[PDB]
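In: below is the structure, and that's it, no one-letter string:
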């Protein structure tokens, strides 16, 4: 019986473990939908024209808009698991449990990221509205630090710019950068010394607001090979892949997804050549959902 | 009773000053145990998570693997100590106690650094590859360039090429797969000055990046960095001799020595203990503090360095 | 009654020692009462160990020669001042301020200076003394020109800091009060107000490249017991340039009971004449291999 | 207060026209300003 309760404790440790490894939890959508193997959303758009008189009828006005609806759904399953070999599994476990929990937990998000990531750039890569931006001619020439904050930021101006005219508010948004170029390398941003209180990071792993959006990041970007994010391909009509690419721009409510049954862990004994096995599962995943606009930056 | 007491407070200060001082106790796994004097924990060769239709089941790749996890155990008992005199020790209570806390804290830190570094250096003498499982192994070490280091002694002259070195490192990482996140790269105390000058010329700036409250750095192609002792590696075991002499992993040609989470392992008997004793031969008192079991053991994979040639 | 006026006094003196005071910290000290001398261990921060079931760990216990360098008082440290008593009345306050100032801050004034000064002496002999900027201060004149290489000193300072396996993470720069302008210069040729550098709150520049940084006037009595030496086989002397540094417990000294004070009549020239007392001197310990920085 | 858009109706003014006199028009410039009441 007790060996059964222990599992509940492990599950609590996990879910809680998905955070702090949390990359993107907020800053995009999600829903509790039960038994729906799929789910959908609106598209439409913001636009307006002249107005009614007691004469005629409103009906005609809606011709051009081409209202649109869009649906996505779960794909395969999503998880790894771990094969314990524990007597200790019952007890003594303060160190061991932590180790085990981390190893799946961070992994789950580490899959989760790219699935919600690269496909955005894809949405920018078909021919979202469109966007891109750069500085002069290469990263070859431009190397040295503090310039590496400069050209970037200088781009960020235009970043805030095209955030308009397609509308959407600036109220909240975030850019997921790459940890190398990360922070502007904080120099150009902060040629100040001892104040990160001034840069407002009350934990949460987040640099406070810059002009436009907000700047955080996790390592790199990849998932979908483990879609199309041709880091290898320079152009081939599609430039928004990695190599090049840049720390990212996210535009309010461009994505999210549906998860059914939340997270469930299954515990087993598979005895072929064995110790013992546990199983946790997640059914959701996605790329998708018809963003309004978006973009990235490259060097060329 | 009090004489017992002077002893009683003593440990906690040591434990503390210890924990506040180290290159480790983080940046590596630490088990626990009760009277085990030994243990075993898992390795990181295979994992992820993934997606599939109920077409097939996994573990073929898992069948292809070598071992799974290996065990480890105690090696001896560990302490550094001194010979006091007691009455002076007893009164001088803030000052006397503070000096003693400082001395003991230094030694633990040094022993720990040495041991970790040494097991790490000791990691590849073996040559277990070239036989089976092409992706099963693994390990090895070194990117070189540097033109044998002799021609150029200046600050840009070195470390720049070293930047160009671990540029290979990431590429080495995923090449063995395994997670690349918290990868550290311990390094030598000096010559990193060269690397910082290589990073940002002029522009003192040394605040911001390199971070406060930790003597580390945020990253270059990811990493940690800490300027440590043991320019020479863990021979204090690590061969201190060979120019090549089998192992390419080496002495003063040595730099690099990079690694990541779940390479090493160890355990305790228990948290801490201590005692004193009288030997008229040496007259006055001699302390001993029970601590630090079984720091040996490794699991890589991973595990590489860079030198010169 | 008359003493009571002092009694409020001394505290001001005690307070007076507070402040202009460079060290109630940034090095060791002991509480010894009634003893002339005292001692405290330098444990070589070195060695080890984890061992094997058998062994005797002998030459370990041999090679050290490690002992508490035992130190003690050198004469009596204090000075005082001569007055007349009209200012004496507690009414009209201010009086308590002018004199007590001149005493306490003076008490501080010397000890710090010497316990500085011996450091340069740490190596005049035959573990630092090492650095050279370019060729002169005569070339680089204006600020921020002197700032950069000044900072650059701290790099190598951190170099020699290591390999002797001592941290020394802990420190502050013993520095010339004026030319320290460089420090801020190369750092902030933007300000305006130094002000909040993010905690120069109480007399402490927060961490530079490593270390800790403060600085002051005086230090003229860099300076050594053989200070005034122009060059003379030892370049560690003053005005070679700046440079001094050290770290945790390079030295301290002892205390007696306290600084307690009292007055007397001196019929020479007079109303009254005060006196205080102090037992201090030198500081202390081992060649942790600190030093200074210079140019040529 | 910076604007989002500047295109609706009454636009009713010769926005489209480059000038056609009426230098007050749209998409010559941004300089429109006012005061209360």
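Out: Right, received. Where do you want to start? Numbers count the residues shown, from 1 in each chain, chains lettered A, B, ... in the order given.
In: point me to the residue of the stretch 101-250 of chain A nearest chain C.
Out: Relative to chain C, the nearest point of the stretch 101-250 of chain A is residue A:194 (3.5 Å; Cβ to the nearest Cβ). Yep, even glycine has a C-beta here, placed from its N, CA and C like the rest.
In: measure that residue to residue A:205 for me?
Out: According to Cβ to Cβ, to the nearest Å, residue A:194 stands 20 Å off from residue A:205.
In: ok so, going back, which ones are touching the closest residue to the residue of the stretch 101-250 of chain A closest to chain C other than its chain neighbours?
Out: Leaving aside its sequence neighbours, residue A:194 sits nearest to residue C:198 (Cβ to Cβ, 6 or more residues apart in numbering or on different chains; 3.5 Å). Going by Cβ atoms under 8 Å, 6 or more residues apart in numbering or on different chains, residue C:198 touches A:192-195, A:198, C:206.
In: show me which residues of chain D are close to chain A?
Out: Neighbours of chain A within chain D, by Cβ under 8 Å from any Cβ of the partner chain: D:4, D:8-9.
In: closest to chain A out of those residues?
Out: Using Cβ to the nearest Cβ, those come closest to chain A at residue D:9, 5.0 Å.
In: residue contacts, the closest one?
Out: Taking Cβ under 8 Å, 6+ apart, we find residue D:9 in contact with A:49-50.
In: am I right that it falls within a helix?
Out: No. Assignment of residue D:9 by DSSP: H, G, I helix; E, B strand; the rest coil gives coil, placing it outside any helix.
In: ok, it to residue B:36 distance?
Out: For residue D:9, the distance to residue B:36 - Cβ to Cβ - is 81 Å.
In: and for residue A:200?
Out: Going from residue A:200 to residue B:36 by Cβ to Cβ gives 46 Å.
In: repeat for residue A:162
Out: From residue A:162 across to residue B:36, the span is 61 Å (Cβ to Cβ).
In: what does residue A:127 give?
Out: 63 Å.
In: residue in chain A nearest to chain D?
Out: Closest contact between chain A and chain D, by Cβ to the nearest Cβ, is at residue A:50 (5.0 Å).
In: so that residue, which of the three states?
Out: Put simply, residue A:50 is coil when judged by three-state DSSP.
In: spatially central residue in chain D, please.
Out: Closest residue to the average C-alpha location of chain D: residue D:26 at 3.6 Å, with Cα atoms, centre = their mean.
In: and whichever residue of chain D sits closest to chain C, how many neighbours does it have?
Out: Closest approach between chain D and chain C, counting by Cβ to the nearest Cβ: residue D:2, at 29.6 Å. For residue D:2, the number of neighbouring residues by other Cβ atoms under 10 Å in any protein chain shown comes to 5.
In: what strand or helix carries it?
Out: Secondary structure from DSSP states H and E places residue D:2 outside every helix and strand.
In: what's the spacing between it and residue A:164?
Out: The spacing between residue D:2 and residue A:164, counted by Cβ to Cβ, is 9 Å.
In: phi and psi next, for the residue of chain D found nearest chain B.
Out: Closest approach between chain D and chain B, counting by Cβ to the nearest Cβ: residue D:2, at 32.6 Å. Residue D:2 adopts backbone torsions of phi -80, psi 140, taken as degrees, to the nearest 10.
In: how about the strands of the stretch 101-250 of chain A, start to end?
Out: Secondary structure of the stretch 101-250 of chain A (DSSP state E, counting those that start in this stretch): strands at A:175-177, A:215-217.
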